[PDB]
Amino acid sequence: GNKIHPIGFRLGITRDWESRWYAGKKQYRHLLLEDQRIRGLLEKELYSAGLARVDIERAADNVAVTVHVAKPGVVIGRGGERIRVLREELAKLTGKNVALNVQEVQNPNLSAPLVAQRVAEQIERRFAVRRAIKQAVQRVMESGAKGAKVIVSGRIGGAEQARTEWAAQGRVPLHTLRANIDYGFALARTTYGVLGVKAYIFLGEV
Amino acid sequence: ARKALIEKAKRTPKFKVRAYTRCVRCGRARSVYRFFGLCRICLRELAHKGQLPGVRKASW
Amino acid sequence: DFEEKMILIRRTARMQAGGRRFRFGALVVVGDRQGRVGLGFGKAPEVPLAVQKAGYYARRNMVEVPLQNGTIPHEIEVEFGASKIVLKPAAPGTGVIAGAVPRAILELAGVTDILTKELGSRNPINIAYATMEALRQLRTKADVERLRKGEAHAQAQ
RNA sequence: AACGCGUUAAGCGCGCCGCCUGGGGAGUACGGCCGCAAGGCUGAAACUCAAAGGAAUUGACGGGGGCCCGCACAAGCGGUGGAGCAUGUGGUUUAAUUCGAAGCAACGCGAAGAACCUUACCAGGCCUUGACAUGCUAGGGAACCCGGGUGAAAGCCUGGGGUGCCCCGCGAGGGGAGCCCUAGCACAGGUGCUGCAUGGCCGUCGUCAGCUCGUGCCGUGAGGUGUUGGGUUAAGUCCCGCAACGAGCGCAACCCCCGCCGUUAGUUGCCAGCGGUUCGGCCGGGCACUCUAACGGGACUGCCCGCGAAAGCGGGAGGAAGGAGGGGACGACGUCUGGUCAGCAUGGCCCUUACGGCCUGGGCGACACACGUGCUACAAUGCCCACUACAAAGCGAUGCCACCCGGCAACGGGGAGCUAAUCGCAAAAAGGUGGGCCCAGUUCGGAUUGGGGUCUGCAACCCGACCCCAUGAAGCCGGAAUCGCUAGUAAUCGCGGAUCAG
Ligand SMILES: C[NH+](C)c1cc(NC(=O)CNC(C)(C)C)c(O)c2c1C[C@H]1C[C@H]3[C@H]([NH+](C)C)C(O)=C(C(N)=O)C(=O)[C@@]3(O)C(O)=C1C2=O
Ligand SMILES: [Mg+2]
Ligand SMILES: [Mg+2]
Ligand SMILES: [Mg+2]
Ligand SMILES: [Mg+2]
Ligand SMILES: [Mg+2]
Ligand SMILES: [Mg+2]
Ligand SMILES: [Mg+2]
Ligand SMILES: [Mg+2]
Ligand SMILES: [Mg+2]
Ligand SMILES: [Mg+2]
Ligand SMILES: [Mg+2]
Ligand SMILES: [Mg+2]
Ligand SMILES: [Mg+2]
Ligand SMILES: [Mg+2]
Ligand SMILES: [Mg+2]
Ligand SMILES: [Mg+2]
Ligand SMILES: [Mg+2]
Ligand SMILES: [Mg+2]
Ligand SMILES: [Mg+2]
Ligand SMILES: [Mg+2]
Ligand SMILES: [Mg+2]
Ligand SMILES: [Mg+2]
Ligand SMILES: [Mg+2]
Ligand SMILES: [Mg+2]
Ligand SMILES: [Mg+2]
Ligand SMILES: [Mg+2]
Ligand SMILES: [Mg+2]
Ligand SMILES: [Mg+2]
Ligand SMILES: [Zn+2]
Numbered sequence: 002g003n004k005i006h007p008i009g010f011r012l013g014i015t016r017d018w019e020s021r022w023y024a025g026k027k028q029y030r031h032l033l034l035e036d037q038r039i040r041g042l043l044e045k046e047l048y049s050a051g052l053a054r055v056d057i058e059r060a061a062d063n064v065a066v067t068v069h070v071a072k073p074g075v076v077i078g079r080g081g082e083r084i085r086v087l088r089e090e091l092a093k094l095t096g097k098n099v100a101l102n103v104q105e106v107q108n109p110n111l112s113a114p115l116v117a118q119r120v121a122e123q124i125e126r127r128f129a130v131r132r133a134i135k136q137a138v139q140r141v142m143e144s145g146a147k148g149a150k151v152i153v154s155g156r157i158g159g160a161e162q163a164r165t166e167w168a169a170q171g172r173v174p175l176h177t178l179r180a181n182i183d184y185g186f187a188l189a190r191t192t193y194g195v196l197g198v199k200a201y202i203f204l205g206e207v
Numbered sequence: 002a003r004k005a006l007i008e009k010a011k012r013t014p015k016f017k018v019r020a021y022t023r024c025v026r027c028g029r030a031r032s033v034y035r036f037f038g039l040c041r042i043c044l045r046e047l048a049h050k051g052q053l054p055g056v057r058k059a060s061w
Numbered sequence: 005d006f007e008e009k010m011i012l013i014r015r016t017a018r019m020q021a022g023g024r025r026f027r028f029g030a031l032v033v034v035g036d037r038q039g040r041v042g043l044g045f046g047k048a049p050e051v052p053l054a055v056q057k058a059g060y061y062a063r064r065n066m067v068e069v070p071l072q073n074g075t076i077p078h079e080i081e082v083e084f085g086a087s088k089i090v091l092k093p094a095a096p097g098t099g100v101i102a103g104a105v106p107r108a109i110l111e112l113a114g115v116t117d118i119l120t121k122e123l124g125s126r127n128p129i130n131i132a133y134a135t136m137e138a139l140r141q142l143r144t145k146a147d148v149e150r151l152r153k154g155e156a157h158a159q160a161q
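Chains as they are written, first to last, in the deposited numbering: chain C, 2 to 207; chain N, 2 to 61; chain E, 5 to 161.
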């Protein structure tokens, strides 16, 4: 356990915070506590929609929950039917002005946490450990990314001896700040236990 | 976090002295910042996702 | 467009400070059963990356074969290492009698019938290009009286 | 086989000789033969093992060498080990003194705040769909809110106030959702175990210059080459050479801090000139400079002599900065089955009227000892009482508390300002001026005690901090051993923040 999280490095250097407000000492404590309910319910449900990055910008007791997600019509339903069910179930938890939008994950391979998920799924899915990770990466320099890398990391394939694996390609340079890379932590669950997964993608130097 | 022991600190107590905080996110009251309602493990873990606004990574 | 069997794979060891490290190696054939046939030997970090690579070397390492009614033109023997390879034509109906590895290479190269033995050392890889060479060296009732005699050829024929 | 052989063949063939036929037993036994003898020659088996071997490759290792670097040793400063106290820890003790950490890389470490709380521990009084989730069925109940009794508290027995919402209806009133109770069932919950079944995150060799792949080249191959040699570098940094050519993760740069300066800016900061001045940047006026944050500029071996194929190197000119200017974040493929199921996450074994739950009290602080970390000392380059200057950083409207009064004082009472460049913590301290002490167990030192008070808090006996008085212990600079630091560093002196009523 030697290295550092890539996102938490470029905190306003080549990335950005999800929750982007202000707050006082009185408010920040409670105000944030809220976001971690907003992002606990929102997640727990939206899973099989492929949810990515969850913005929560804030004005005077106006919450502004944007949502990037693989599949905008499993957030929606038919017509506008199921998005409403939630848009209030949040104002049910806040007690205020939930503006819960939707924004499609255009290219899905070119956004890490998704990439992480489908793999962690594929491991839950009892697939070919290696090939999962190979094709994982495969598609990433197939959609057109600068760099790719996936790190399967459990008791792998059902083995009693805990190991780890991976592969990659292209530029992976996390010591260049000015290189934008997205981290994806997933976390499969299989009969033998729990097998966290990682995925890093380079898009470009700026 | 013994589940019921988040609750012995949630509700208000017999006398006001017993008012010890805890983590909303995990229920370890051992090292908690009454500004995040969070501990040190959490605060990083989260800050490392940029999920706490304005929380930068420091250097001088 | 080349059909391609596979002969043998292995994991081999390097070493280092703290635990071993490895590499894998893949013996591969090729061959349009009417005439031609290659071999490769491929090493690479993860297995089928090698098996794929071994297929490469075989495409360049090709050997056209004198073939004659699905069989071998004369008799033949060759050494290479201490592994001693034998071939010998069989008649219509006797067919790829040969252990493990000539079969793989003879078949895909296109032999119906053949006789065969392996000798002393039996390590695949030697008997592999044991026979890649045994076959580089087959010679034909015409390739031949126009190696010799052919001093003054086309007065003879 | 490879090593190597290589017209001195281990190359290509002819003749003849002797010799081998798996390791151990074994060069033994039996027999013959030879010698004076010591012994030799010839030379087995029973039984037992899946080997015994041969060259060769990558490593690891050497009390083998060659060449580099780190406060690794030396050259220098200051300490520990000794003393008393503070904090962890080992061992004992305990009803329990809950847990885990284990050579450097466990030991002021999980604890960035154990009086109950925290709290997993122990002794008692207890709760059983349970402090918590989404529910199912039978029966009653709106939710809910007030009081008594018993009690160490919990807990239990019990008095009363209350009767909203949805649908149907003229109506009494039935149906329904919620929630409530009683009984039963799903199940909840566990800081029960295993870090040697995992996740993740951390430590570490190590900010060391290393770790590798592609295509090709070379070996039958594992594999090598590349990355090596010479020069250079904080470096696999780079220059030159080479059967190599490049790339991926590292080095490095892009990010922040400090150093110079320019652009936008003049409040709550600032005061060089002018006006007034209660002499206080106090007011008019100004934003010059200091500051104040945002963006840019600038350093490149660019210049010169020298050294050198080059990369580089040495000395200098200019410059605020010179060869990366100082500092930070930043930790490569992997190892130690290193760390924790005690933040959380989870396979599995395990209890589920009990390890689960609530409670008051007791405990992690116990003390024949031992280590590990630090504080203050043992004092004259000092101790002490006055007057006197010069800081940066951070916190504070459930708090910071200027002054005023009371008290020797802690502090209490009263009370102005401050969403904080405007008000406050705020006294900076070593330094400075002036004076007292004169080698003393001392005006050094400030333990441990006796008594008196203040504060936080339901509550200071275990078990708190602070005030005043009296007590004035060890220790006159520390055995063997051993630690840190290469410049604004070491030492020495003060301020601050987090945690948190204290
Ligand atoms: C005692 N041995 C047999 C042992 C056993 C286990 N685990 C088991 O037996 C569990 N096996 C099951 C699966 C339950 C059947 C073990 O799990 C271990 C060990 C060894 C220890 C050694 C540890 C040691 N120190 C700290 C006590 C040490 O010096 C090191 C080290 N290399 O520095 C360790 O690795 C050590 O801490 C350690 O990890 C051990 C084990 O893990
Ligand atoms: Mg738990
Ligand atoms: Mg408390
Ligand atoms: Mg031979
Ligand atoms: Mg043999
Ligand atoms: Mg020679
Ligand atoms: Mg034998
Ligand atoms: Mg020394
Ligand atoms: Mg344990
Ligand atoms: Mg207690
Ligand atoms: Mg471990
Ligand atoms: Mg252990
Ligand atoms: Mg272990
Ligand atoms: Mg370095
Ligand atoms: Mg070759
Ligand atoms: Mg080169
Ligand atoms: Mg190397
Ligand atoms: Mg070399
Ligand atoms: Mg390089
Ligand atoms: Mg003004
Ligand atoms: Mg004037
Ligand atoms: Mg760097
Ligand atoms: Mg160890
Ligand atoms: Mg303790
Ligand atoms: Mg007074
Ligand atoms: Mg006061
Ligand atoms: Mg003296
Ligand atoms: Mg140094
Ligand atoms: Mg202090
Ligand atoms: Zn926490």
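We treat Cβ as the ideally placed atom computed from N, Cα and C, and that holds for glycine.
In the DSSP output, which residue or residues are listed as bridge partners for N:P54? DSSP lists no partner for N:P54.
Along the region 40-52 of chain N, where does the CB come closer than 7 angstroms to a CB of chain C? Name the residues. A48, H49, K50, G51, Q52
Helix, strand or coil at E:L12 [DSSP, three-state]: strand
Would you mind giving the Cβ-Cβ distance between C:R21 and C:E58, rounded to the nearest angstrom? I have them listed as a contact below 8 angstroms. 5 angstroms
In whole angstroms, what is the alpha-carbon distance linking E:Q141 and E:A113? 14 angstroms
Do we get a CB-CB distance below 8 angstroms when we pair C:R54 with the residues of chain N? no
Closer than 7 angstroms: is that where the CB of E:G103 sits relative to any heavy atom of ligand 5? no
Is the Cβ of N:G38 closer than 8 angstroms to any Cβ of chain C? yes
Can you give, in chain order, each stretch of the beta strand (DSSP E) that sits fully within the region 99-170 of chain C and has at least 3 residues? 148-153
At the 8 angstroms Cβ level, is N:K15 part of the contact set with chain C, yes or no? no
Chain N partners of C:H6, CB-CB under 7 angstroms? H49
Using a Cβ-Cβ cutoff of less than 7 angstroms, which residues in the same chain neighbour E:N65 once the five nearest sequence positions on both sides are dropped? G42, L43, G44
From E:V69 to E:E79, what distance separates their C-alpha atoms? 14 angstroms
Count the other CB atoms, across all protein chains shown, that sit within 10 Å of the CB of E:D147; report buried if there are 16 or more and exposed otherwise. exposed
Which partner residues does E:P93 have in the DSSP bridge list? E:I118
Check whether the region 106-116 of chain C touches the region 165-175 of chain C, counting contact only when three or more Cβ pairs, one atom from each stretch, lie closer than 8 angstroms. no
Mark C:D183 as exposed unless 16 or more other C-beta atoms lie within 10 angstroms of its C-beta, in which case mark it buried. buried
Are the CB atoms of C:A200 and C:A117 within a distance shorter than 8 angstroms? yes
Report the rounded CA-to-CA distance for E:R24 versus C:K147, giving the unit in angstroms. 32 angstroms
Is any heavy atom in ligand 2 found nearer than 7 angstroms to the beta carbon of N:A2? yes
Endpoints, beta strand (DSSP E) assigned at C:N181: 180-184
Interface partners of C:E44 on chain N, CB under 8 angstroms: Those within 8 angstroms of C:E44 in chain N number zero; the least Cβ separation is about 12 angstroms.
On the three-state DSSP scale, how would you describe E:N130? helix
Following a CB-centred definition, is E:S125 positioned closer than 7 angstroms to any heavy atom of ligand 5? yes
For C:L87 and C:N98, the rounded distance between their alpha carbons: 13 angstroms
What are the residues in the region 98-128 of chain C lying within 9 angstroms of chain N by C-beta distance? none
Exposed unless 16 or more other CB atoms sit within 10 angstroms - verdict on E:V105: buried
Taking C-alpha atoms, which residue in N:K15, N:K17, N:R23 lies nearest to N:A5? N:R23
Does the CB of N:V25 have a neighbour CB from chain C at under 8 angstroms? yes
Sequence-distant residues of the same chain with beta carbon closer than 7 angstroms to C:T191, five excluded per side: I124, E125
Heavy atom of ligand 30 within 7 angstroms of N:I42 beta-carbon: yes
With DSSP as the reference, please indicate the residues paired to C:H176 in a beta bridge. Per DSSP, none; premise fails for C:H176.
Exposed or buried, N:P14, counting other C-beta atoms within 10 Å across all chains shown (16 or more means buried)? exposed
Reference E:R37, options E:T16, E:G97, E:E7, closest by Cα: E:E7
Name the two residues that bound the continuous beta strand (DSSP E) containing E:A48. 44-48
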